[PDB]
Enquirer: 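If you scroll down you'll find the structure; I have some questions about it.
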Amino acid sequence: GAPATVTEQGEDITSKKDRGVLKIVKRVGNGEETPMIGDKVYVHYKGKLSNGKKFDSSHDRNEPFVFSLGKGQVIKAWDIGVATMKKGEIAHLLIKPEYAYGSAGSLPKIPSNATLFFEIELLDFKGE
Ligand SMILES: COc1cc2cc(OC)c1OCCn1cc(nn1)CCCOC(=O)[C@@H]1CCCCN1C(=O)[C@H]2C1CCCCC1
């Protein structure tokens with residue numbers, strides 16, 4: 001499935017090159033600009049435990065998910081991964097627990113040492 005393909009073909013986008021955040025561009029976006037720390041970002045996404053076992057979607061609320069990049073308002077993997085994306089891009093991320101919820105997890109929703117998968121569409125980003 002999509003997670004296993006990311007394992008297979010995904011680029012390591014971590015500074016430490018620890019495969020903690022793996023990325024595949026599924027649909028190439030447009031323009032050269034990728035967002036800066038502080039930018040307001042708008043995405044659609046689907047997320048799940050690599051298991052399959054909890055599934056979450058912005059499309060379940062039929063409205064974009066909005067956050068400020070690089071303030072830890074989202075897990076580390078999003079701050080890293082969304083920063084790499086161009087407007088219109090769809091990316092798959094596969095994320096080791098160190099870049100998500102860690103040994104602690106976020107119980108009961110997310111267990112200890114969970115790997116996460118996301119499909120993210122970067123809709124827009126604007127200056128703060
Ligand atoms: C850990 O608590 C949640 C995680 C996720 C979804 C949750 O509810 C929809 C959720 O409940 C609390 C409410 N909340 C928080 C956030 N969004 N909603 C953004 C910040 C924390 O989330 C994140 O940083 C990441 C990236 C941005 C989208 C949400 N997300 C998640 O981790 C989802 C996970 C994804 C894996 C399957 C379960 C939900």
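This chain uses plain numbering: 1 for the first residue, then up along the sequence. Remember, it's 1-based here, ligands and their atoms both numbered in the order they're listed.
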Enquirer: Among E11, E89, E119, exactly one meets salt bridge (charged side-chain N to carboxylate O under 4.0 Å, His left out) together with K23. Which residue is that?
Expert: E89
Enquirer: Quick one: does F55 get within less than 4.0 Å of ligand 1, heavy atoms only?
Expert: no
Enquirer: Show which atoms of ligand 1 fall inside a sub-4.0 Å distance from at least one heavy-atom site of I75.
Expert: 24 (O)
Enquirer: What I'd like to find out is whether the side chain of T7 reaches to under 4.5 Å of the side chain of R19, using heavy atoms alone.
Expert: yes
Enquirer: Give a yes/no verdict on whether any heavy atom in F67 is under 4.0 Å from an atom of ligand 1.
Expert: no
Enquirer: Take atom NZ in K16; do more than 12 heavy atoms of anything else shown fall under 6.0 Å from it?
Expert: no
Enquirer: Out of all atoms in ligand 1, which are within 4.0 Å of some heavy atom of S106? Include the element for each.
Expert: 1 (C)
Enquirer: What are the atoms of ligand 1, with element, lying closer than 4.0 Å to any heavy atom of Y45?
Expert: 28 (C), 29 (C)
Enquirer: Quick check: does any side chain N or O of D39 sit under 3.5 Å from a backbone N or O of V41, one acting as donor and the other as acceptor?
Expert: no
Enquirer: Considering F118, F117, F65, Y101 one by one, which has a heavy atom nearer to atom 2 (O) of ligand 1 than any of the others?
Expert: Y101
Enquirer: What are the two closest non-hydrogen atoms of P111 and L49, and how far apart are they?
Expert: CD-CD1, 3.6 Å
Enquirer: Answer side chain, backbone, both or neither: which part of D56 comes under 4.0 Å from ligand 1, heavy atoms only.
Expert: side chain
Enquirer: Quick one: does any side-chain atom of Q73 pair with a main-chain N or O of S68 as donor and acceptor, under 3.5 Å?
Expert: yes
Enquirer: Backbone or side chain, does any N or O of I110 fall under 3.5 Å from an N or O of ligand 1?
Expert: no
Enquirer: Following the transitive rule for hydrophobic clusters with a side-chain heavy-atom cut-off under 4.5 Å over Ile, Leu, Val, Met, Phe, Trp and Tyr, establish whether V74 and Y45 coincide in one cluster.
Expert: yes
Enquirer: So is there a nitrogen or oxygen of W78 less than 3.5 Å from a nitrogen or oxygen in ligand 1?
Expert: no
Enquirer: By number and element, which atoms of ligand 1 are closer than 4.0 Å to a non-hydrogen atom of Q73?
Expert: 20 (C)
